[PDB]
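Each chain, letter by letter, is given below.
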Amino acid sequence: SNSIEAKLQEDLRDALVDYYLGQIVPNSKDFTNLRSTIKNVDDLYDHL
Amino acid sequence: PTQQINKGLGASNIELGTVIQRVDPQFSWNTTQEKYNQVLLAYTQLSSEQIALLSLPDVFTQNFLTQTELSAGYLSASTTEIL
């Protein structure tokens, strides 16, 4: 079933999340000053 | 890429190693080591890229040291009492 792959996309969520915390936080030329945003949910509001 | 293939063959209920051995022209048991090693590496179900991390040599040593501490007297643990 597609359910089988339906995990992958959560993995992709995690990937994005780390790309935020790992790359964006130190590499955000945007938002370079502002921090907080510790949790995934945050940008779902702030820019998503 | 890997994950996908892995789970797809999971749904296939058979393995990439299985497929490689079936696709070998010869009878696999008769084939070469360069097949045997390769196929087992397949049967690992593993990223090779992670293996890069797993296999690149050490950043550190067993112990970093300095002339300052050495002159201040290095000390190793008592260690023969281990096996």
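Within chain B one finds five helices and zero strands. For chain B, the α and β elements follow one another from N to C terminus as α-α-α-α-α. For 83 residues, the compact-globule estimate of 2.2 N^0.38 gives 12 Å, and chain B exceeds it by more than 25% at 23 Å. Dimensions along the principal axes, computed over C-alpha positions, put chain B at roughly 65 × 30 × 25 Å.

A few words now on the overall build of chain A. In terms of helices and strands, chain A carries two helices and zero strands. Overall, the C-alpha framework of chain A stretches about 45 × 20 × 15 Å when taken along its three principal axes.

Despite not being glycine, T37 of chain A has its phi angle at roughly 50°, a positive value. Residue placement: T37 of chain A occurs in the loop between α1 (8–27) and α2 (41–46). In the Ramachandran plot, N13 of chain B falls in the positive-phi region, its phi being about 65° despite a non-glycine side chain. Considering the arrangement of structural elements, one finds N13 of chain B in the loop between α1 (2–12) and α2 (16–23).

The rules we used
Residues numbered from 1 in each chain as written, not as in the entry; some residues may be left out. Chains lettered and ligands numbered in written order. Part of a larger assembly, values for the part shown. Heavy atoms only, no water. Residues with missing side-chain atoms left out of burial classes, pairs and counts. Helix = DSSP H or I, 4+ residues; strand = E, 2+ residues; numbered from the N terminus. Rg over C-alpha atoms; globule rule 2.2 N^0.38 Å.

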